[PDB]
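Engineer: requesting a structural model of the entry that follows:
(2 chains)
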Amino acid sequence: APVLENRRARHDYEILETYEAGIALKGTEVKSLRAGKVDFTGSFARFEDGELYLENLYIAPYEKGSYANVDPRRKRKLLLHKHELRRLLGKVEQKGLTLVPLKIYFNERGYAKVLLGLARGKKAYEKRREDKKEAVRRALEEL
RNA sequence: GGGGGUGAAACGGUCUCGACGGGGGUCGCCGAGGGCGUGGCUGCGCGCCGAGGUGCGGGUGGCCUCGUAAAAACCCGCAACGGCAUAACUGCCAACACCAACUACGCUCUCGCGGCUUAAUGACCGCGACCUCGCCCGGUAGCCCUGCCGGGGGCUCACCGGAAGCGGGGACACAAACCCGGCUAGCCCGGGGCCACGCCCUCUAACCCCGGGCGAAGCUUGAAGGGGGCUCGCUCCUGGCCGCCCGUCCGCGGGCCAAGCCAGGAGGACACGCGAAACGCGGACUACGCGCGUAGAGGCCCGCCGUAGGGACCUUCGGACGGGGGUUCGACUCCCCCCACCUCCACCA
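Structural biologist: Numbering: from 1, shown residues only, chains lettered A, B, ... in the order given. Shown next is the structure:
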């Protein structure tokens, strides 16, 4: 369906700030999300950058047999002017509240976008002893 | 085996709200103290020799060219530089140290009886020692209080000793081999007077200090002065020397002074100064030597905004429907047409 979502932050983690970005991609992914595939892969980013390069994300290839696609979890440009794209960047390197795809989707005109945020929900902070039990019961179920 | 469903949530209005990459602006980064001279000064300039570099340069012999000409080298560096990146740790496998129960501890440092400190048990303390040390009194040797008034402070186990008082043991680690407290160093022999409006003989000082004497030998008082003994002119300052010629070199000329002498005067010292004159009109600047013309890395102005060049950035404009060509804003669709993988079709050798 042309609006779906990525639940890897909605029972697992969830957001502290939300943003969205258009993502150019080579047409070979379009029918698969428009029909009904979704993703849950761990996106990351690396970002001493002018824009904000996302690392990893499946829209899925469209398929019958082999088709003409190339792996979707490659780098993609992210639409938004540099200054407020630096607002999405503003906390991305804090290693604890971290970049997540929230909802892959298309706009009304059929071009692809991703709702994005920065999130946590397992533990108050990692690498502590105390709150790891809440990261394996609770933060794989609730939020 | 081929033809075609189809790889899009819109017949076209399909301008992902917003990326990039060319613009519109910039103009700071950006081969640069935002400049450069195709130009000028001082009676027409300027020297008496000297410049240059390999890719980018530190260094280095004046290699060498060689004056109508400021024209062609090199050892070594730059080469060297050990650059990773989120949101879920609790798993695999590992460990920790002194004493008097007893042999010195209260026992220094060779012996002998009691005590009783864990039984320190004849070494401590109350005491019995040859031989040495100490207190306390006496002597050769040591005495640099060398005045009197109260007391000649007064003697050292050094060299010898327990006698007039006495004690430990092989070390009880000394103070006197020079001392306290009062009168001007008294009592008294004796040296001597200098420096600050120059000093002292006279003076604020019985003239005096006090180095010093009797158990053994020689420098001052002064805060102020008329005259004298000392090194003095009381003490200093009035005119000849000297310092200087004004863009680089000078034609034509030549006086005075900050200040000591030789030598006269003036105030109370050497506490701080009484008016004749050092430059001025010009003679050149290779146009009077070797030379020529912008000499060849002096010193300041005058004239061209030196280009906005040399660069890279924002927003903003141009966008990914499997690719690939039409094209009124895109266009597997409206149309030509390439590949996946399926769906429909005329066949045995």
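Engineer: hey, let's count contacts and neighbours off CA atoms from now on
Structural biologist: Noted.
Engineer: quick one, helices of chain A?
Structural biologist: A:30-35, A:82-89 (DSSP state H).
Engineer: could you identify which of these is most buried?
Structural biologist: Across these, averaging neighbours per residue (mean count of other Cα atoms under 10 Å) puts helix A:30-35 on top, at a mean of 18.
Engineer: not including adjacent chain positions, what is the nearest residue to the residue nearest to the spatial centre of chain A?
Structural biologist: Closest residue to the average C-alpha location of chain A: residue A:101 at 1.7 Å, with Cα atoms, centre = their mean. Of all residues not flanking residue A:101 in the chain, residue A:116 sits nearest, at 4.6 Å (Cα to Cα, 6 or more residues apart in numbering).
Engineer: distance of that neighbour from residue A:47?
Structural biologist: As judged by Cα to Cα, to the nearest Å, residue A:116 and residue A:47 stand 15 Å apart.
Engineer: same check, this time on residue A:20
Structural biologist: Distance from residue A:20 to residue A:47, counting by Cα to Cα: 17 Å.
Engineer: and these two? which has more neighbours close in?
Structural biologist: residue A:20 (19 against 15; other Cα atoms under 10 Å).
Engineer: can you pull the contacts of the nearest residue to the more buried one once chain neighbours are set aside?
Structural biologist: Of all residues not flanking residue A:20 in the chain, residue A:115 sits nearest, at 4.1 Å (Cα to Cα, 6+ apart). Shown in contact with residue A:115 (Cα atoms under 8 Å, 6 or more residues apart in numbering): A:18-21, A:101-105.
Engineer: do you know how far the nearest residue to residue A:119 once chain neighbours are set aside is from residue A:36?
Structural biologist: In space, and not counting its chain neighbours, residue A:119 is closest to residue A:15: 3.9 Å by Cα to Cα, 6+ apart. Remark: distance between residue A:15 and residue A:36 (Cα to Cα) = 24 Å.
Engineer: higher neighbour count, the two?
Structural biologist: It is residue A:15, of residue A:15 and residue A:36, that has more neighbours when counted by other Cα under 10 Å, with 19 against 13.
Engineer: what about the more buried one, distance to residue A:35?
Structural biologist: Using Cα to Cα, we find residue A:15 at a distance of 27 Å from residue A:35.
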